[PDB]
Amino acid sequence: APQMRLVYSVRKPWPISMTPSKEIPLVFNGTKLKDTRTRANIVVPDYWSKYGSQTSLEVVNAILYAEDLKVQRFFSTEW
Amino acid sequence: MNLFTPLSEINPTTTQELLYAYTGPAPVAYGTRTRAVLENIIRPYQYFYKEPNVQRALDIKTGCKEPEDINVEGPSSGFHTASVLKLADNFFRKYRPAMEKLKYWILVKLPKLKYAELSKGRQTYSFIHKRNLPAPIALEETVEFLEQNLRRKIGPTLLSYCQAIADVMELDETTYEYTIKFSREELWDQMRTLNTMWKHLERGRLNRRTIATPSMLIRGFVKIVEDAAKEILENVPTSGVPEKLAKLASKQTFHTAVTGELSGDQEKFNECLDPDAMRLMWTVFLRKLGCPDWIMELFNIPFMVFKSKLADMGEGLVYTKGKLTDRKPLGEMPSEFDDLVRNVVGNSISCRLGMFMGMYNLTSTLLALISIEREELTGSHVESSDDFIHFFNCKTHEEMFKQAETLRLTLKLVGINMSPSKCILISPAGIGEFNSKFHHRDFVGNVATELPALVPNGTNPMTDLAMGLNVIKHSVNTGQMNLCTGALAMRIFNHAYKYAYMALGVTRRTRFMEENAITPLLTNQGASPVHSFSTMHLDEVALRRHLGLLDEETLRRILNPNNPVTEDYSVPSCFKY
Amino acid sequence: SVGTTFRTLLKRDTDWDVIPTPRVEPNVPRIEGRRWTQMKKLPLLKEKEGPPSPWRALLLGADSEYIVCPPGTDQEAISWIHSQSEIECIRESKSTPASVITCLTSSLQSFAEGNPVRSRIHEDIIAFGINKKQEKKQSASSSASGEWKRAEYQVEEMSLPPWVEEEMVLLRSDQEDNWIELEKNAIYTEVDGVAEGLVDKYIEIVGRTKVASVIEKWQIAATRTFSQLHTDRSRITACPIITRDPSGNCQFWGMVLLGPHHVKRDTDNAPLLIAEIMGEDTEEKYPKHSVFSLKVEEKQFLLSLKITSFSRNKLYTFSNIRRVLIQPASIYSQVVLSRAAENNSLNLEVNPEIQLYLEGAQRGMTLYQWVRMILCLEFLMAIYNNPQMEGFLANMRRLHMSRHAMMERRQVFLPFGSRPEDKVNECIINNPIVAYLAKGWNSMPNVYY
RNA sequence: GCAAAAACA
């Protein structure tokens with residue numbers, strides 16, 4: 001039952017085992033991000049969510065494919 | 001209890017779902033399993049004869065017995081050879097397409113099966129390290145041992161593994177690599193040894209049970225025979241594996257007739273069966289359909305191995321001098337299991353006739369299905385493990401009496417022994433019970449043994465949310481849950497999901513969003529939920545950009561393939577840590 | 001293929017050969033069998049007799065009250081409680097010595113200073129079972145006498161407690177607050193809106209009740225205790241139980257102290273010292289609790305201290321206790337749909353009269369009060385989940401089915417040696433709620449016309 | 001003390 005450990009795992013120091021990267025700062029606004037594979041804090045994905053690298057719109061559309069078609073069949077039907 | 005029994009505006013059948021100890025700690029077993037294992041072993045030897053004589057039944061190597069010796073007022077262990085032959089022939093008379101399809105299986109793609117997928121098995125006990133190890137490393141160790149003893153590479157096909165085992169066990173002296181040596185007697189003892197273990201997360205009865213697991217060198221045979229059981233059970237209408245209960249209860253009998261329902265369980269379903277009757281069943285069916293002699297050996301070896309089982313006796317019985325407590329193995333000091341002392345083989349014990357949990361759950365069902373097939377038994381029967389339901393259609397009550405009596409006798413013939421106190425018969429049909437499904441009039445009520453977890457699985461936020469949503473969807477589709485229950489469950493799951501990822505209250509992550517001027521945009525981040533009751537199969541990032549709650553810039557930021565961290569219909573994302 | 005020694009090696013433990021070829025003629029024998037029997041009187045559940053079974057659970061239940069504290073954080077409330085109160089013992093129990101209060105006051109102060117975890121003190125020694133295994137083993141070795149015999153464990157049979165009905169009627173006390181805060185989901189279609197409205201109406205028909213507050217308190221206590229279990233420690237951890245009313249104030253239900261809890265496996269028992277606020281005290285109901293007087297702002301309270309130890313499985317299970325709300329709502333939901341099935345016109349404000357047997361009389365009662373009944377009894381069953389409960393309940397499902405069948409005018413048939421009453425009885429030993437359900441079933445009529 | 005088949009402490 002791994003679900004009994006998530007509470008610790010989320011609260012575990014350096015929850016994420018990070019692939020070694022360079023664009024992610026060691027410390028951002030008085031807060032450690034990575035453990036210089038290396039480990040990373042829980043706030044790193046949220047940091048990437050706003051101050052991370054972007055990609056092509058076509059790549060995004062390809063990645064989100066096979067998940068939208070249900071959305072525009074659910075929102076284009078009459079009940 | 002009177003609170004659980006309504007009389008107006010609703011019937012007790014629907015509220016019988018309340019007769020379940022949900023949201024409570026499931027019992028967990030402590031200490032030694034020796035007493036339970038010894039009781040499991042000793043029960044079949046105490047029911048072979050009408051008069052209880054354990055010692056006389058210890059030398060019995062075959063559960064073949066006589067009708068006069070069968071106990072009709074209590075449990076009876078054993079079988080009648082001619083009865084098994086006739087019942088197997090009767091079952092062979094009907095259900096021709098299923099037998100034709102298993103012939104297709106055996107002659108087309110049964111050898112196509114491999115041994116790599118056996119890695120998907122349950123925990124094993126390695127016979128070299130003498131330790132409980134997972135299935136994959138056990139399989140690698142087994143194939144390494146086979147290739148270093150057989151002097152040739154093991155083919156991918158499972159039949160290659162079977163021939164490899166058959167050839168390697170004839171090499172007398174064997175060694176693994178350390179340099180752990182073995183002998184022929186040691187290999188046979190490892191074949192005979194069964195690994196008992198407490199059943200965890202078991203609900204439904206006061207007394208705990210012990211489940212067995214076999215060695216990895218016999219799991220191939222047991223899984224191929226279980227597979228044959230599967231593709232003979234999937235295409236017979238009287239099996240318990242599919243909606244069979246609903247379609248069977250959809251019968252509309254004519255008024256000038258009486259239809260009744262029996263719902264029953266089994267007392268000692270794994271302490272009254274001899275593998276020899278199973279052998280005879282398999283051999284008769286396979287011979288009458290046209291299997292060769294090598295198929296005979298291939299499908300009869302697992303029972304050869306099981307008839308000499310050496311299930312471990314846990315860690316020993318419990319003895320107290322004063323306030324002290326010690327675990328003394330059987331035979332060191334006299335106890336209530338002295339009769340089995342002569343059967344003690346080291347840390348194991350010999351048990352020629354018997355059964356254990358976790359071995360054969362579908363071929364026992366096949367034995368029940370062949371048993372129910374008679375001439376006067378003009379009813380419809382559904383079987384699943386230790387539970388059964390039968391529907392009798394006839395004209396007069398005494399016909400019901402004789403049919404049910406001969407059904408009970410026929411089940412006792414092979415050693416099934418349906419529970420006298422757990423079989424309930426109602427002579428007018430309409431309200432039945434089977435497995436976890438009830439039936440009142442025409443409506444059927446599915447009840448889940450376990451409530452939905454309503455908690456993230458722990459892998460990562462989006463996958464856990466997807467699994468929870470899929471679990472809720474599965475629960476509501478089966479009828480176990482409805483609109484209000486589904487919405488309440490998804491609200492509870494949302495609360496647990498938010499709490500588990502520091503999306504509630506004030507914490508380090510919340511301070512991270514606050515100081516960095518990062519407003520929440522996702523459910524795990526702390527934003528308002530977007531999933532509705534009808535949105536069970538919709539993705540997390542979906543329905544957010546469609547409603548305008550997400551901007552494409554942050555979507556490019558998170559959905560960037562060049563991100564340091566990267567059925568589950570979850571889109572890859574940066575938060576999939 | 002078949003080997004040489006393979007053949008005999010397989011022979012030794014089977015009378016037949018590897019490939020069985022019996023010479024007996026296949027036939028079905030005729031065996032005389034016992035007589036099918038039919039029943040008139042429903043089984044009467046035998047009632048165990050003896051001392052009444054005391055209360056045993058993670059928390060107190062209906063006797064759970066809270067102290068009102070000025071708005072602020074957990075630390076401010078704990079500091080206010082510690083600095084504006086004095087403790088004197090009222091009732092002393094040998095199971096929970098008075099000295100453990102020194103532990104609690106040691107934590108209330110320490111948590112008030114930003115130290116949720118504090119160093120060990122002497123009174124902690126007998127507070128969490130520290131070095132108790134060594135004590136017991138050495139004492140038994142020194143006092144060992146006689147000769148080894150079988151363990152022969154037994155469980156004492158205890159009768160129905162007198163406090164079960166007061167519990168069952170006290171969980172229904174009306175409350176000024178909703179005590180349930182669940183985030184509303186989005187609505188996009190009509191059926192989803194109907195489901196959300198049903199869940200709402202459920203919330204404010206079962207929210208302003210004492211049982212909802214008790215469930216919330218249990219959830220908070222179990223969650224806070226479980227959040228501090230994984231981190232292996234050797235120092236006492238403090239987990240206050242404080243909620244927030246919808247007016248800004250603080251509600252102090254109690255406080256649980258977690259010992260060293262050097263846990264290894266998934267089922268080890270972490271020690272706990274639980275202090276809670278009571279409304280009334282009872283001798284035979286809390287024999288293992290120590291009762292102290294609490295004075296806050298010329299206001300009287302009772303503080304119950306209990307020494308216990310629970311596994312991580314039980315604490316995690318009770319951390320998700322809110323799921324107990326699912327079972328009653330279903331009924332209500334079904335009833336609502338039932339009314340829909342009557343007219344295809346849903347209302348959301350239907351209160352049909354449900355007819356039940358109360359004190360041996362067939363009488364009607366409101367749907368909302370019945371749903372409160374159900375929620376309270378489900379909570380009581382959930383907090384008292386033991387193998388006796390599950391065995392009795394599973395074996396009682398069959399009797400419930402038979403009773404329903406007799407209500408709808410059908411005959412039930414039983415085998416010769418059929419005694420379902422025994423297979424329902426063997427699970428009735430000392431469980432209070434099991435005995436309560438047994439008494440409730442027995443009070444109902446047994447012969448139906 | 002917690003459990004329930006001798007476990008933890």
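Chain A is the first sequence line, chain B the second, and so forth, proteins listed ahead of strands; every chain is numbered from 1. Side chains included, hydrogens not; waters and symmetry mates left out as well; all remaining heavy atoms used.
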Near RNA chain D, under 4.0 Å by heavy atom, which residues of residues 258-271 of chain C? C/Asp268, C/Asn269
Which whole-number value in Å describes the distance from C/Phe128 CZ to D/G1 P? 16 Å
Ignoring hydrogens and angles, write down the donor-acceptor pairs under 3.5 Å from the side chains of residues 316-325 of chain B, residues two or more places apart or on other chains.
unit_1	atom_1	unit_2	atom_2	d
B/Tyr319	OH	B/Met333	O	3.2
B/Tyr319	OH	B/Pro334	O	3.3
B/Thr320	OG1	B/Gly322	O	2.8
B/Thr320	OG1	B/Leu324	O	2.8

Let me know, please, whether C/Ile130 or B/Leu206 comes out on the 5' side of the other along RNA chain D by nearest nucleotide. B/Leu206
Distance-only criterion, 3.5 Å: show the donor-acceptor pairs between side-chain atoms of residues 254-262 of chain C and protein atoms not counting sequence neighbours.
unit_1	atom_1	unit_2	atom_2	d
C/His261	ND1	C/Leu229	O	3.4
C/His261	NE2	C/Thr231	O	3.4
C/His262	NE2	C/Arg233	O	3.2

Please give, in whole Å, the distance from D/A4 P to B/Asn207 CG? 12 Å
With a 4.0 Å cut-off on heavy atoms, is C/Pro387 in touch with a base, just the backbone sugar-phosphate, or nothing at all? sugar-phosphate
If each of C/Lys94 and B/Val28 is mapped to the nucleotide of RNA chain D with the nearest heavy atom, which maps nearer the 5' terminus, i.e. the 5' end? C/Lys94
Under 4.0 Å, heavy atoms only, any strand: does B/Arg208 hit a base, just the sugar-phosphate, or nothing? sugar-phosphate
Quick check for you: among D/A5, D/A9, D/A6, whose closest atom lies nearest to any side-chain atom of B/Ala29? D/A5
Taking only the side-chain heavy atoms of C/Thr308 (C-beta and beyond), determine which of D/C2, D/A4, D/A9 contains the nearest atom. D/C2
For D/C2, does OP1 or OP2 lie under 4.0 Å from any side-chain N or O of C/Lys306? yes
Only distances under 3.5 Å count here; give the side-chain donor-acceptor pairs of residues 337-347 of chain B to other protein atoms, sequence neighbours excluded, each with its distance to 0.1 Å.
unit_1	atom_1	unit_2	atom_2	d
B/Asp339	OD1	B/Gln55	NE2	3.4
B/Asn343	ND2	B/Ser350	O	3.1

Counterpart residues, ring pair (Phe, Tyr, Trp, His ring centres under 6.0 Å), relative to C/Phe292 (two or more places apart): none
Going by atom types alone, do B/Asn270 and B/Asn40 pair a side-chain donor with an acceptor below 3.5 Å? no
At what distance, to the nearest 0.5 angstrom, does OG1 of C/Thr267 lie from OH of B/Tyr30? 6.0 Å
Please confirm whether any donor atom in the side chain of C/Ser309 sits under 3.5 Å from an acceptor in the base of D/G1, or the reverse. yes
Answer with base, sugar-phosphate or nothing: what part of the nucleic acid does C/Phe310 contact at a heavy-atom distance below 4.0 Å? sugar-phosphate
Between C1' on D/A3 and CD on C/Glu156, what's the gap in Å once rounded to a whole number? 14 Å
Proximity to the side chain of C/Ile307 - top-ranked nucleotide from D/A3, D/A4, D/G1: D/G1
Tell me which donor-acceptor pairs under 3.5 Å the side chains of residues 52-64 of chain C have, and how far apart each pair is, sequence neighbours excluded?
unit_1	atom_1	unit_2	atom_2	d
C/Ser53	OG	C/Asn430	O	3.4
C/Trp55	NE1	C/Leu59	O	2.8
C/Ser64	OG	C/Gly61	N	3.2
C/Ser64	OG	C/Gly61	O	2.9
C/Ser64	OG	C/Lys217	NZ	2.6

Which part of the nucleic acid, if any, lies within reach of C/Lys288 when heavy atoms closer than 4.0 Å are counted: base, sugar-phosphate only, or nothing? sugar-phosphate
